[PDB]
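Source file: coords25.cif. Holds: mmCIF, C-alpha atoms.
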data_input
loop_
_atom_site.label_atom_id
_atom_site.label_comp_id
_atom_site.auth_asym_id
_atom_site.auth_seq_id
_atom_site.Cartn_x
_atom_site.Cartn_y
_atom_site.Cartn_z
CA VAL X 1 -162.36 13.76 -32.22
CA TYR X 2 -161.28 10.29 -33.36
CA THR X 3 -160.80 8.63 -36.74
CA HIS X 4 -160.86 4.88 -37.39
CA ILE X 5 -159.69 3.02 -40.51
CA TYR X 6 -159.91 -0.77 -40.73
CA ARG X 7 -159.73 -3.49 -43.37
CA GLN X 8 -162.74 -5.55 -44.44
CA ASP X 9 -162.96 -7.75 -47.56
CA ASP X 10 -160.26 -6.28 -49.81
CA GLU X 11 -161.00 -2.61 -49.10
CA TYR X 12 -160.75 0.03 -46.38
CA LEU X 13 -163.51 1.70 -44.36
CA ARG X 14 -163.59 4.82 -42.19
CA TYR X 15 -165.78 6.90 -39.89
CA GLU X 16 -165.48 9.73 -37.38
CA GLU X 17 -166.60 9.81 -33.74
CA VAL X 18 -167.04 12.67 -31.27
CA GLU X 19 -168.02 12.53 -27.60
CA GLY X 20 -169.33 8.97 -27.67
CA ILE X 21 -171.45 8.99 -30.82
CA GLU X 22 -170.76 8.93 -34.55
CA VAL X 23 -170.88 12.05 -36.73
CA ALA X 24 -173.23 11.56 -39.68
CA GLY X 25 -171.80 12.27 -43.12
CA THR X 26 -168.20 11.15 -42.50
CA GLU X 27 -168.33 7.57 -43.80
CA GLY X 28 -166.32 6.51 -46.83
CA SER X 29 -164.28 3.82 -48.54
CA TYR X 30 -160.81 3.62 -50.06
CA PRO X 31 -159.20 1.08 -52.43
CA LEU X 32 -156.52 -1.32 -51.21
CA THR X 33 -153.71 0.65 -52.90
CA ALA X 34 -154.72 4.31 -52.45
CA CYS X 35 -154.95 4.88 -48.71
CA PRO X 36 -154.05 8.55 -48.04
CA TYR X 37 -152.45 7.72 -44.67
CA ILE X 38 -148.78 6.78 -44.95
CA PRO X 39 -146.82 5.42 -41.95
CA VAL X 40 -143.08 5.74 -42.57
CA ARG X 41 -140.20 3.78 -41.02
CA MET X 42 -136.44 4.21 -41.41
CA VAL X 43 -134.88 0.93 -40.20
CA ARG X 44 -137.13 -2.11 -40.53
CA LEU X 45 -136.82 -5.28 -38.45
CA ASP X 46 -138.73 -8.57 -38.62
CA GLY X 47 -141.96 -8.90 -36.68
CA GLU X 48 -142.18 -5.48 -35.01
CA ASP X 49 -144.50 -2.51 -35.31
CA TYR X 50 -142.97 0.92 -35.90
CA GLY X 51 -139.27 1.38 -36.66
CA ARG X 52 -135.90 2.23 -35.19
CA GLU W 1 -173.08 -2.83 -38.66
CA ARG W 2 -169.45 -2.51 -37.50
CA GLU W 3 -168.79 -6.23 -37.31
CA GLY W 4 -165.03 -6.79 -37.02
CA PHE W 5 -162.28 -4.58 -35.58
CA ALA W 6 -165.04 -2.05 -34.83
CA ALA W 7 -167.38 -3.83 -32.41
CA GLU W 8 -166.18 -1.76 -29.43
CA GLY W 9 -165.71 1.83 -30.65
CA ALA W 10 -162.89 4.24 -31.40
CA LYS W 11 -161.96 5.20 -27.82
CA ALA W 12 -161.18 1.64 -26.68
CA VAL W 13 -159.02 0.51 -29.56
CA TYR W 14 -156.93 3.62 -28.91
CA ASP W 15 -156.46 2.79 -25.22
CA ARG W 16 -155.45 -0.87 -25.53
CA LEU W 17 -152.76 -0.19 -28.15
CA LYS W 18 -151.33 2.86 -26.34
CA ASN W 19 -148.98 0.65 -24.28
CA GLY W 20 -147.01 -0.62 -27.28
CA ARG W 21 -145.30 2.70 -27.97
CA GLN W 22 -143.66 2.87 -24.55
CA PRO W 23 -140.10 1.68 -25.35
CA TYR W 24 -139.79 3.81 -28.49
CA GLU W 25 -140.68 7.10 -26.79
CA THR W 26 -138.22 6.46 -23.95
CA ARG W 27 -135.44 5.58 -26.37
CA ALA W 28 -136.13 8.67 -28.51
CA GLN W 29 -136.09 10.88 -25.41
CA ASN W 30 -132.71 9.41 -24.50
CA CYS W 31 -131.42 10.12 -28.01
CA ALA W 32 -132.70 13.71 -28.23
CA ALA W 33 -130.87 15.03 -25.16
CA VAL W 34 -127.27 15.32 -26.40
CA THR W 35 -128.10 16.93 -29.77
CA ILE W 36 -131.16 19.22 -29.46
CA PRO W 37 -133.18 18.92 -26.22
CA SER W 38 -136.15 20.80 -27.71
CA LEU W 39 -136.62 18.49 -30.71
CA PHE W 40 -138.67 15.77 -28.94
CA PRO W 41 -140.53 17.25 -25.96
CA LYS W 42 -142.50 15.12 -23.53
CA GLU W 43 -146.31 15.12 -23.29
CA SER W 44 -146.35 17.06 -19.99
CA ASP W 45 -144.58 20.29 -20.94
CA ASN W 46 -145.82 23.88 -20.87
CA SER W 47 -144.60 27.48 -20.99
CA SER W 48 -142.39 27.19 -17.90
CA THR W 49 -140.10 24.37 -19.05
CA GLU W 50 -136.41 25.26 -19.46
CA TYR W 51 -134.09 23.42 -21.86
CA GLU V 1 -150.39 -39.50 -54.43
CA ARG V 2 -147.24 -37.66 -53.35
CA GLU V 3 -144.70 -40.50 -53.61
CA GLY V 4 -141.10 -40.52 -52.32
CA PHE V 5 -139.56 -37.35 -50.87
CA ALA V 6 -143.18 -36.52 -50.00
CA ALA V 7 -144.38 -39.44 -47.87
CA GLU V 8 -144.59 -37.61 -44.53
CA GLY V 9 -145.93 -34.11 -45.29
CA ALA V 10 -144.40 -30.66 -45.46
CA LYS V 11 -144.13 -30.03 -41.71
CA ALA V 12 -142.32 -33.28 -40.86
CA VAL V 13 -139.42 -32.54 -43.22
CA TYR V 14 -138.90 -29.00 -41.92
CA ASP V 15 -138.50 -30.06 -38.29
CA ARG V 16 -136.22 -32.96 -39.20
CA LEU V 17 -133.85 -30.86 -41.32
CA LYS V 18 -133.90 -27.84 -38.98
CA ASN V 19 -130.95 -29.29 -37.04
CA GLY V 20 -128.37 -28.84 -39.81
CA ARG V 21 -128.19 -25.03 -39.72
CA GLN V 22 -126.91 -24.52 -36.17
CA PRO V 23 -123.17 -23.95 -36.82
CA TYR V 24 -123.86 -21.36 -39.52
CA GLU V 25 -126.17 -19.31 -37.28
CA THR V 26 -123.79 -19.56 -34.32
CA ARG V 27 -120.94 -18.33 -36.52
CA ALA V 28 -122.90 -15.52 -38.20
CA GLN V 29 -123.96 -14.09 -34.84
CA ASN V 30 -120.32 -13.90 -33.75
CA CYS V 31 -119.35 -12.21 -37.01
CA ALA V 32 -122.16 -9.63 -36.80
CA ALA V 33 -121.26 -8.26 -33.36
CA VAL V 34 -118.06 -6.26 -33.96
CA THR V 35 -119.26 -4.55 -37.17
CA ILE V 36 -123.00 -3.82 -36.79
CA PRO V 37 -124.89 -5.56 -33.95
CA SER V 38 -128.40 -5.03 -35.39
CA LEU V 39 -127.88 -6.76 -38.76
CA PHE V 40 -128.40 -10.40 -37.69
CA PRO V 41 -130.94 -10.49 -34.85
CA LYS V 42 -131.75 -13.76 -33.13
CA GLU V 43 -135.13 -15.46 -33.48
CA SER V 44 -136.28 -14.58 -29.94
CA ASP V 45 -136.07 -10.77 -29.92
CA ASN V 46 -138.79 -8.18 -29.38
CA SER V 47 -139.35 -4.47 -28.74
CA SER V 48 -137.46 -4.39 -25.43
CA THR V 49 -134.03 -5.61 -26.57
CA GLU V 50 -131.11 -3.17 -26.67
CA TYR V 51 -128.03 -3.19 -28.91
#
Target encoding structure tokens, full file:
Amino acid sequence: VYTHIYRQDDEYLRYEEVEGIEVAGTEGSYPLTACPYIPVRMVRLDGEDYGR
Amino acid sequence: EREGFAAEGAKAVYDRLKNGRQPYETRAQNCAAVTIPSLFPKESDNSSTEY
Amino acid sequence: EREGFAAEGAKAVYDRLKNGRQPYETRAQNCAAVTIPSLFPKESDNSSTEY
């Protein structure tokens, strides 16, 4: 199973996909400041993804 | 109808971006071999691996 | 309409005055190599560089 979150017009959208199709009843929307997924880095550089 | 960032699916975005993590995993595997070898296992390990 | 000090646009000034900073960068890189080599990275570094 896969989960996708992407930004569109000052908000966040999501859905869930299994096999090759989309599971009905998993759509939703989050504000721009309350996303419940939190990537964490320790040492931050300029212009790179992830951290050292 | 899934206009931007989502015009190709979920298993397609995951495969293009999978090649950006390559240096970090190698460097972490190098780090976690003089302190605790079982802290960061590889993705191809099973019951028979010996540390 | 944007008189003196502003008669050639914002981008023209930046590229003309860029040349005055070179000694300071060259000296800072030398200083930040015996203490901590990842505190002043250059402007042409990426995910593959090693310190």
With the file shown as input, list the residues that the PyMOL selection byres ((chain X and resi 14-21) around 12) selects, as a short mmCIF file (atom, residue, chain, number, x, y, z; two decimals) with C-alpha atoms, in the frame of the given file.
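As written to disk, selection-v2.cif reads:
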data_model
loop_
_atom_site.label_atom_id
_atom_site.label_comp_id
_atom_site.auth_asym_id
_atom_site.auth_seq_id
_atom_site.Cartn_x
_atom_site.Cartn_y
_atom_site.Cartn_z
CA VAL X 1 -162.36 13.76 -32.22
CA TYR X 2 -161.28 10.29 -33.36
CA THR X 3 -160.80 8.63 -36.74
CA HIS X 4 -160.86 4.88 -37.39
CA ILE X 5 -159.69 3.02 -40.51
CA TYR X 6 -159.91 -0.77 -40.73
CA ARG X 7 -159.73 -3.49 -43.37
CA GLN X 8 -162.74 -5.55 -44.44
CA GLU X 11 -161.00 -2.61 -49.10
CA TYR X 12 -160.75 0.03 -46.38
CA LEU X 13 -163.51 1.70 -44.36
CA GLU X 22 -170.76 8.93 -34.55
CA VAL X 23 -170.88 12.05 -36.73
CA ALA X 24 -173.23 11.56 -39.68
CA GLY X 25 -171.80 12.27 -43.12
CA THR X 26 -168.20 11.15 -42.50
CA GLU X 27 -168.33 7.57 -43.80
CA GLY X 28 -166.32 6.51 -46.83
CA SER X 29 -164.28 3.82 -48.54
CA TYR X 30 -160.81 3.62 -50.06
CA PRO X 31 -159.20 1.08 -52.43
CA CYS X 35 -154.95 4.88 -48.71
CA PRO X 36 -154.05 8.55 -48.04
CA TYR X 37 -152.45 7.72 -44.67
CA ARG W 2 -169.45 -2.51 -37.50
CA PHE W 5 -162.28 -4.58 -35.58
CA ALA W 6 -165.04 -2.05 -34.83
CA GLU W 8 -166.18 -1.76 -29.43
CA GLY W 9 -165.71 1.83 -30.65
CA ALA W 10 -162.89 4.24 -31.40
CA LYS W 11 -161.96 5.20 -27.82
CA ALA W 12 -161.18 1.64 -26.68
#
Please return the superposed copy of chain V as a PDB file with C-alpha atoms, in the coordinates of the input; the fit should be least squares onto chain W across all sequentially paired Cα atoms.
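As a result, out35.pdb now contains:
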ATOM      1  CA  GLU V   1    -173.211  -2.393 -38.398  1.00  0.00           C
ATOM      2  CA  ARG V   2    -169.463  -2.046 -37.841  1.00  0.00           C
ATOM      3  CA  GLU V   3    -168.491  -5.732 -37.607  1.00  0.00           C
ATOM      4  CA  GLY V   4    -165.137  -7.181 -36.479  1.00  0.00           C
ATOM      5  CA  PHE V   5    -162.186  -4.874 -35.773  1.00  0.00           C
ATOM      6  CA  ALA V   6    -164.926  -2.349 -34.955  1.00  0.00           C
ATOM      7  CA  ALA V   7    -167.008  -3.997 -32.225  1.00  0.00           C
ATOM      8  CA  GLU V   8    -165.962  -1.747 -29.329  1.00  0.00           C
ATOM      9  CA  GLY V   9    -165.707   1.797 -30.742  1.00  0.00           C
ATOM     10  CA  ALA V  10    -162.849   4.083 -31.677  1.00  0.00           C
ATOM     11  CA  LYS V  11    -161.853   5.134 -28.151  1.00  0.00           C
ATOM     12  CA  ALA V  12    -161.569   1.608 -26.719  1.00  0.00           C
ATOM     13  CA  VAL V  13    -158.967   0.537 -29.289  1.00  0.00           C
ATOM     14  CA  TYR V  14    -156.779   3.608 -28.767  1.00  0.00           C
ATOM     15  CA  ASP V  15    -156.428   3.102 -25.015  1.00  0.00           C
ATOM     16  CA  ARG V  16    -155.796  -0.625 -25.394  1.00  0.00           C
ATOM     17  CA  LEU V  17    -153.035  -0.226 -27.990  1.00  0.00           C
ATOM     18  CA  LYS V  18    -151.450   2.824 -26.322  1.00  0.00           C
ATOM     19  CA  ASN V  19    -149.221   0.531 -24.239  1.00  0.00           C
ATOM     20  CA  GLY V  20    -147.083  -0.716 -27.138  1.00  0.00           C
ATOM     21  CA  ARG V  21    -145.232   2.545 -27.842  1.00  0.00           C
ATOM     22  CA  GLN V  22    -143.418   2.996 -24.525  1.00  0.00           C
ATOM     23  CA  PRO V  23    -139.926   1.676 -25.420  1.00  0.00           C
ATOM     24  CA  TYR V  24    -139.742   3.805 -28.568  1.00  0.00           C
ATOM     25  CA  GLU V  25    -140.605   7.025 -26.712  1.00  0.00           C
ATOM     26  CA  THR V  26    -138.224   6.210 -23.857  1.00  0.00           C
ATOM     27  CA  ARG V  27    -135.430   5.616 -26.370  1.00  0.00           C
ATOM     28  CA  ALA V  28    -136.147   8.688 -28.517  1.00  0.00           C
ATOM     29  CA  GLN V  29    -136.030  10.981 -25.486  1.00  0.00           C
ATOM     30  CA  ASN V  30    -132.573   9.663 -24.598  1.00  0.00           C
ATOM     31  CA  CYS V  31    -131.382  10.154 -28.171  1.00  0.00           C
ATOM     32  CA  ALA V  32    -132.715  13.728 -28.390  1.00  0.00           C
ATOM     33  CA  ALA V  33    -130.873  15.086 -25.343  1.00  0.00           C
ATOM     34  CA  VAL V  34    -127.224  15.270 -26.464  1.00  0.00           C
ATOM     35  CA  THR V  35    -127.946  16.779 -29.909  1.00  0.00           C
ATOM     36  CA  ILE V  36    -130.899  19.190 -29.545  1.00  0.00           C
ATOM     37  CA  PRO V  37    -132.983  19.006 -26.338  1.00  0.00           C
ATOM     38  CA  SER V  38    -136.052  20.835 -27.721  1.00  0.00           C
ATOM     39  CA  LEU V  39    -136.782  18.525 -30.680  1.00  0.00           C
ATOM     40  CA  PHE V  40    -138.712  15.760 -28.864  1.00  0.00           C
ATOM     41  CA  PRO V  41    -140.647  17.315 -25.972  1.00  0.00           C
ATOM     42  CA  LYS V  42    -142.588  15.115 -23.585  1.00  0.00           C
ATOM     43  CA  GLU V  43    -146.385  15.117 -23.448  1.00  0.00           C
ATOM     44  CA  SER V  44    -146.568  17.000 -20.124  1.00  0.00           C
ATOM     45  CA  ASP V  45    -144.700  20.236 -20.898  1.00  0.00           C
ATOM     46  CA  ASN V  46    -145.906  23.833 -20.800  1.00  0.00           C
ATOM     47  CA  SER V  47    -144.687  27.436 -20.917  1.00  0.00           C
ATOM     48  CA  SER V  48    -142.550  27.193 -17.769  1.00  0.00           C
ATOM     49  CA  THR V  49    -140.186  24.369 -18.763  1.00  0.00           C
ATOM     50  CA  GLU V  50    -136.529  25.149 -19.475  1.00  0.00           C
ATOM     51  CA  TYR V  51    -134.086  23.351 -21.779  1.00  0.00           C
TER      52      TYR V  51
END
Next item on the list: Compute the chain W side of the contact with chain V at 12 Å, counting only C-alpha atoms, and hand it back as a list in words.
Entry: residues 19, 20, 21, 22, 23, 24, 25, 26 and 27 of chain W
Next item on the list: Skip residue 46 (chain X) itself and residues of its chain fewer than 4 positions away, then list as a list in words all residues within 12 Å of it, counting all atoms listed in the file.
Entry: residues 50, 51 and 52 of chain X; 38, 39, 40, 41, 42, 43, 44, 45, 46 and 47 of chain V
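For the pair CA of residue 31 (chain W) and CA of residue 43 (chain X), the separation is 15.7 Å.
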Notebook entry, point to check: Written as a ChimeraX atom specification, what is the full residue list that the PyMOL selection byres ((chain X) within 9 of (chain V)) yields on the file shown?
Noted result: /X:45-49
Note to self: Could you tell me how far CA of residue 51 (chain V) sits from CA of residue 29 (chain V), in Å to one decimal place?
What the structure shows: 13.1 Å
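With CA of residue 14 (chain W) on one side and CA of residue 1 (chain W) on the other, the separation reads 19.9 Å.
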Mind rebuilding region 24-35 of chain X with N, CA, C and O atoms and writing that out as a tab-separated table (two decimals), in the coordinates of the input?
chain	number	residue	atom	x	y	z
X	24	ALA	N	-172.64	11.96	-38.40
X	24	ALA	CA	-173.23	11.56	-39.68
X	24	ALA	C	-172.60	12.34	-40.82
X	24	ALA	O	-172.32	13.54	-40.71
X	25	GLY	N	-172.38	11.65	-41.94
X	25	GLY	CA	-171.80	12.27	-43.12
X	25	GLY	C	-170.30	12.16	-43.24
X	25	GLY	O	-169.72	12.87	-44.07
X	26	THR	N	-169.65	11.30	-42.46
X	26	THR	CA	-168.20	11.15	-42.50
X	26	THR	C	-167.76	9.77	-42.96
X	26	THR	O	-166.56	9.49	-42.97
X	27	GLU	N	-168.69	8.90	-43.35
X	27	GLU	CA	-168.33	7.57	-43.80
X	27	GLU	C	-167.68	7.63	-45.18
X	27	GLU	O	-167.79	8.63	-45.91
X	28	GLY	N	-167.00	6.55	-45.55
X	28	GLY	CA	-166.32	6.51	-46.83
X	28	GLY	C	-165.65	5.17	-47.03
X	28	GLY	O	-165.76	4.26	-46.20
X	29	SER	N	-164.95	5.06	-48.16
X	29	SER	CA	-164.28	3.82	-48.54
X	29	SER	C	-163.10	4.15	-49.44
X	29	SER	O	-163.20	5.03	-50.30
X	30	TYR	N	-161.99	3.44	-49.24
X	30	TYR	CA	-160.81	3.62	-50.06
X	30	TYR	C	-160.39	2.29	-50.69
X	30	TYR	O	-160.67	1.22	-50.13
X	31	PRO	N	-159.72	2.32	-51.85
X	31	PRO	CA	-159.20	1.08	-52.43
X	31	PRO	C	-158.08	0.49	-51.58
X	31	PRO	O	-157.69	1.08	-50.57
X	32	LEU	N	-157.57	-0.67	-51.97
X	32	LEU	CA	-156.52	-1.32	-51.21
X	32	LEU	C	-155.13	-0.78	-51.52
X	32	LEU	O	-154.17	-1.18	-50.87
X	33	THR	N	-155.01	0.12	-52.50
X	33	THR	CA	-153.71	0.65	-52.90
X	33	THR	C	-153.65	2.17	-52.93
X	33	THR	O	-152.68	2.73	-53.44
X	34	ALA	N	-154.67	2.86	-52.41
X	34	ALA	CA	-154.72	4.31	-52.45
X	34	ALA	C	-155.19	4.87	-51.12
X	34	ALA	O	-156.03	5.77	-51.05
X	35	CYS	N	-154.65	4.35	-50.03
X	35	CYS	CA	-154.95	4.88	-48.71
X	35	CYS	C	-154.15	6.16	-48.48
X	35	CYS	O	-152.92	6.13	-48.59
